[PDB]
Amino acid sequence: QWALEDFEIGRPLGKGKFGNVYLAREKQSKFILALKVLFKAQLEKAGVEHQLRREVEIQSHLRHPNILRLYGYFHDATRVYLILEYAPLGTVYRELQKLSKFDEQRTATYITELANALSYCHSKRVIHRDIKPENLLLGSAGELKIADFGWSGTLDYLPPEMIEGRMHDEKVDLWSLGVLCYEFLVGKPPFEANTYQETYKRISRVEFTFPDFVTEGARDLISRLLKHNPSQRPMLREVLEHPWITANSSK
Ligand SMILES: COc1cc2c(Nc3cnc(NC(=O)c4ccccc4)nc3)ncnc2cc1OC[C@@H](O)CN1CCCCC1
């Protein structure tokens, strides 16, 4: 049983459509964490946000070093509160804008962290279909943390099966992994274009190319992951064992 009076509120970390996220601290022990405040009146209008409740139930039973922890939640008369693990280094997206693009060691280490996390999720019957840089946070040691932002995803990261209105499964996560590996190395997504229509067309036809600096091992992995036919994509164990991943990962 938590209470608002148990925390000291600090600076705003980000803004959303149903409330904000603040840096906070437990008064007594002085423990740093993140607090998200949502307004009921807002939830019960944008839809029947019982979705929040299901998502909170699901997220609170996941324990992995590469998945952001939901420590708990409570509510009062007008607000609902989520107590979250704090990520000191911020978003991967912000880090990407600063460096322009990552080198092979950093990229390979990140892909390894995500495959492990996605593997644990699949065994828990949890499939994302979403995992943008903006939604990837960094811990104290620089480790990746997967957060739950789309609990309520532009075209760039969507797989062919989806925009083509077919049925999907856990194979969408392999596609996402390919788009991300590419964006990390090149600096931008593989199907980006001036119009929505052209992007839709390139994804469906799987039309993309690599800049000259991209390595052959990197091209190999990404070409295997971005397969039109979902069943032609490798298992997560095959990604963790790919020669390019093994050679450049710092472990
Ligand atoms: C972008 O800035 C942030 C968002 C965060 C954040 N956001 C977040 C919001 N919502 C959720 N979750 C949910 O909405 C949810 C819903 C249902 C069920 C479960 C979870 N998870 C994480 N969580 C934790 N830490 C965060 C840190 C953030 O920024 C950190 C920087 O400032 C620190 N700064 C320090 C100095 C150098 C530069 C970086």
Side-chain angles (χ1 to χ4, degrees), residues 2 4 6-14 16 18-26 29-62 64-76 79-100 102 106 110 113-114 117-118 120-122 124-154 157 173 176 180 183:
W2 310 85
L4 185 48
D6 280 344
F7 314 102
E8 293 185 63
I9 305 301
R11 65 173 172 119
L13 285 47
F18 311 92
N20 317 99
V21 186
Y22 307 75
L23 183 112
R25 179 158 47 191
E26 300 181 316
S29 58
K30 182 188 73 288
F31 179 74
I32 294 296
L33 40 76
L35 178 73
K36 195 162 184 166
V37 180
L38 303 147
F39 295 92
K40 299 184 181 180
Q42 191 145 57
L43 289 169
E44 64 183 71
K45 70 95 172 188
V48 181
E49 300 308 59
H50 282 323
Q51 167 66 186
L52 178 78
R53 195 176 188 178
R54 267 187 59 78
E55 202 60 51
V56 164
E57 188 175 1
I58 299 174
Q59 202 75 198
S60 70
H61 297 146
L62 283 51
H64 191 87
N66 295 294
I67 292 183
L68 206 76
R69 269 290 194 68
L70 207 202
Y71 300 132
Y73 80 97
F74 59 98
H75 65 289
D76 51 37
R79 292 151 292 179
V80 177
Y81 310 88
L82 303 184
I83 315 175
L84 309 153
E85 177 190 0
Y86 175 67
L89 280 55
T91 71
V92 173
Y93 169 97
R94 182 177 175 176
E95 176 187 39
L96 192 58
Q97 301 180 311
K98 277 53 180 182
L99 302 186
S100 204
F102 308 150
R106 189 189 298 280
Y110 286 170
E113 277 164 28
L114 294 169
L118 290 167
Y120 167 86
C121 286
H122 285 178
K124 288 300 183 301
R125 284 170 139 273
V126 175
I127 300 66
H128 288 322
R129 303 153 59 178
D130 152 59
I131 195 171
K132 278 189 302 300
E134 281 82 349
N135 316 326
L136 291 180
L137 309 175
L138 293 162
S140 194
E143 350 83 82
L144 289 170
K145 298 284 182 172
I146 294 182
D148 198 12
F149 288 101
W151 65 269
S152 50
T154 38
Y157 312 82
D173 295 320
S176 304
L180 213 57
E183 185 167 6

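All ligand and atom numbering here is 1-based and tracks the order in the structure. We use all heavy atoms of the structure for the numbers below, so side chains are in, but hydrogens, waters and symmetry mates are not. The first residue in the sequence is number 1, and the count goes up from there.
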Q: Would you check whether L70 has a nitrogen or oxygen atom less than 3.5 angstrom from a nitrogen or oxygen atom of ligand 1?
A: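 It does not: no N or O of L70 is found under 3.5 Å from an N or O of ligand 1.
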Q.
Would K36 count as being in polar contact with ligand 1, using the rule that some N or O on each side must be under 3.5 angstrom apart?
A.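 Between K36 and ligand 1, an N or O pair is found under 3.5 Å apart.
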Suppose I only count heavy atoms of [X] and a 4.0 Å limit; which atoms of ligand 1 are within that range?
X    : result
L68  : 21 (N), 22 (C), 23 (N)
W151 : 14 (O), 16 (C)
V21  : 9 (C)
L82  : 15 (C), 16 (C)
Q59  : 19 (C)
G90  : 29 (O), 30 (C)

Proximity winner for [atom], if only heavy atoms of [options] are counted:
atom                    : options             : answer
atom 28 (C) of ligand 1 : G139, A34, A87      : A87
atom 8 (C) of ligand 1  : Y22, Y93, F149, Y73 : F149
atom 39 (C) of ligand 1 : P88, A147, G150     : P88
atom 21 (N) of ligand 1 : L89, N20, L84, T91  : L84
atom 23 (N) of ligand 1 : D148, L137, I146    : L137

Non-hydrogen atom of [X] closer than 4.0 Å to ligand 1:
X   : result
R11 : yes
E85 : yes
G14 : no

Going by heavy atoms in the side chains, are [X] and [Y] under 4.5 Å from each other?
X    : Y    : answer
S176 : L114 : no
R106 : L99  : yes
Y22  : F7   : no
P12  : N20  : no
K124 : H64  : no

So, does [X] use its side chain to make a donor-acceptor pair with the main chain of [Y] at under 3.5 Å?
X    : Y    : answer
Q51  : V48  : no
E134 : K132 : no
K40  : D76  : yes

Q: Determine the interplanar angle of the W151 and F18 rings, folded into 0 to 90°, and report it as parallel if under 30°, tilted if 30 to 60°, perpendicular if over 60°.
A: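 Geometry flag for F18 against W151: tilted rings.
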Q. Who are the ring pair (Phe, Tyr, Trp, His ring centres under 6.0 Å) partners of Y157, not counting sequence neighbours?
A.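 Not a single residue meets the ring pair (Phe, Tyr, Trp, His ring centres under 6.0 Å) criterion with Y157.
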